[PDB]
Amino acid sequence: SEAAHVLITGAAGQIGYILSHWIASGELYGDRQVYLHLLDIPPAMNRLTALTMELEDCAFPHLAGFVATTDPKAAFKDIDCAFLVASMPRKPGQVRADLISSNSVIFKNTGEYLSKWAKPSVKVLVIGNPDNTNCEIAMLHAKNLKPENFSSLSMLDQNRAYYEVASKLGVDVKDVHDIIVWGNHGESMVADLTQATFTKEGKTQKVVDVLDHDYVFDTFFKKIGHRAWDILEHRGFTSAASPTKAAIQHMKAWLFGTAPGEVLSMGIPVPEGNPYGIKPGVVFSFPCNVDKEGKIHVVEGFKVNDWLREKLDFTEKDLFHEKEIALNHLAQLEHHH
């Protein structure tokens, strides 16, 4: 086989540091070698050089080579997949609308670089926030690519939710099933327990039939919704290993397929045929599986109760609004030129 070419943006940061080593160790592409394209900005290049020196010093058999660069063409040329980690952080005094706006330019440019230089088969995983909207913008501005080339990361939130629920029920994570994170990130994300089941002592029950309503429909989302802040409070920096774990997990599933019974929340361009009443035109987290050919499918058969319907509708509306903000910002910049 020829080595698989993998792009990591923001490569000098903590996520990039861990992700690059994890991929180079063979965890993503199995027996196949990898060639890492490591992109960052000029002020980060000494830290990127340090990363590459550590990669070298692992003597990884799976690592065919790498390029550490500030240059888009070198970073995107003939890539097979991409981890779009880099994004503009929110500035002091900015609100969510301004965060969406500042990122829209970045992700427009990135969509253009992908279209120009990446393989037509590239799988682009958008991680930098606001990820669903960044993903939509990159896709809209990638003229030679298709919706199947893009997704956004919701597995960190799914993983968080599994551990919380398993701990609450006093079981292992393997004994909880069908927790789903739907829709957007941010305030409108839907951490849905209404499908979920668990096995304890040979009895299988629905999570919402056992746990208190006040837990399920208030406390639980608060714990999930604020978890990142709690780590930053203790760590002094945001999470790194946990989003990396989720990122690899998503990409590996996307590349080679999911396991029987496995349901992974993934942000995808909304499929026209979807069975959950979501309108095409945004990137929306759905319960997904992936076939052996690397194609993502929304899992059929989940139930939409009145609570879930309302939550889905609200997060759908939120995504269309974010899209509007991003597109309007881009239009206003163009007008001003």
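One-based numbering along the sequence shown.
For the pair 142-150 and 218-226, the record assigns the higher mean C-alpha temperature factor to 218-226. On average the C-alpha atoms of 42-50 have higher B-factors than those of the other stretch, with 275-283 and 42-50 being the two compared.
Annotation for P243, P260, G128, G267: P260 ranks highest, by Cα B-factor. As recorded in the entry, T199 carries the highest CA temperature factor of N132, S188, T199, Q249. Sort the chain's modelled residues by C-alpha temperature factor and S87 lands in the lowest third, per the entry. Ranked against the other modelled residues of its chain, the C-alpha B-factor of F256 as given in the entry falls in the middle third. Residue-level temperature factors show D172 in the highest third of its chain, judged at the C-alpha atom. When the modelled residues of the chain are ordered by C-alpha B-factor, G111 sits in the middle third.
In this PDB entry, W182 carries a Cα temperature factor that places it within the lowest third of its chain's modelled residues.
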